[PDB]
Amino acid sequence: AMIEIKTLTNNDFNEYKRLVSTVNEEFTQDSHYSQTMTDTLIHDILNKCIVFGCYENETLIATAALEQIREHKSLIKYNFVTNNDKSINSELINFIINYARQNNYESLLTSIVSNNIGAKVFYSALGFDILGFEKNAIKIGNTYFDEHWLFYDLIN
């Protein structure tokens with residue numbers, strides 16, 4: 001597949017919202033329970049949070065956001081990928097690792113629902129290591145999930 005990775009802005013709202021509502025499942029969350037992307041939320045991330053989109057020709061096929069928590073930490077969030085395609089997502093997360101290294105970030109963290117071994121193996125293969133395990137780390141609708149936290153060492 002032939003993809004361009006673009007920075008998304010407010011002007012991509014329509015397309016972003018179409019992708020995330022159509023994909024529905026976030027790559028690190030559950031196949032049935034994934035957090036919903038409200039209009040306010042979408043606006044807020046597109047308007048420190050940088051959002052990336054993978055395009056094939058005219059079509060937005062995948063996205064992830066790098067959110068800086070303000071000292072600072074950076075988290076990968078809102079990763080929706082058509083068909084959970086790991087070739088596409090590996091190109092996207094490898095890009096995020098380089099973007100972060102270039103902008104002098106210290107680390108990248110990601111959270112994965114605890115029985116999502118597909119996503120954990122995918123991230124391990126990209127060089128992320130286990131940080132830990134948090135109980136009730138995320139609430140999706142009215143349903144809590146435990147999560148693994150992983151990190152990528154950008155210092156070394």
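Remarks
- Within region 105-132, restricting attention to residues that are β-branched (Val, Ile, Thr) and surrounded by 14 or more Cβ atoms within 10 Å (Cβ to Cβ), the residue that is farthest from residue 79 (Cα to Cα) is 113.
- Residues being surrounded by fewer than 21 Cβ atoms within 10 Å (Cβ to Cβ) and among the aliphatic types (A, V, I, L, M) - total across region 67-87: 2
- When residues of region 55-66 are limited to those that are in contact with a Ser or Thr (Cβ under 7 Å, 6 or more places away or on another chain) and within 16 Å of residue 97 (Cβ to Cβ), the one surrounded by the fewest Cβ atoms within 10 Å (Cβ to Cβ): 66
- Selection count where residues are in contact with an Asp or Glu (Cβ under 8 Å, 6 or more places away or on another chain) and farther than 18 Å from residue 86 by Cα, scope region 102-147: 13
- Odd one out for residue 135 among (1) surrounded by 15 or more Cβ atoms within 10 Å (Cβ to Cβ); (2) in a strand (DSSP E or B): (1)
- The set of residues from region 1-17 being part of a loop (DSSP other than H, G, I, E, B) and of a type in the set (S, T, N, Q) comprises just one member, 9.
- Set side by side, the residues 105, 78, 55, 33 differ, and just one is under 25 Å from residue 143 (Cα atoms) and more than 15 Å from the chain's Cα centre (by Cα), which is 33.
- The set of residues from region 83-105 being assigned to a helix (DSSP H, G or I), of a type outside the set (S, T, N, Q) and closer than 14 Å to residue 27 by Cβ comprises 86, 88, 91, 92, 93, 96.
So basically every Cβ, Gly included, is an ideal-geometry build from the backbone, and we count neighbours across all protein chains shown. Computed from the coordinates by the stated procedures, all read-outs in this text should not be read as laboratory data.
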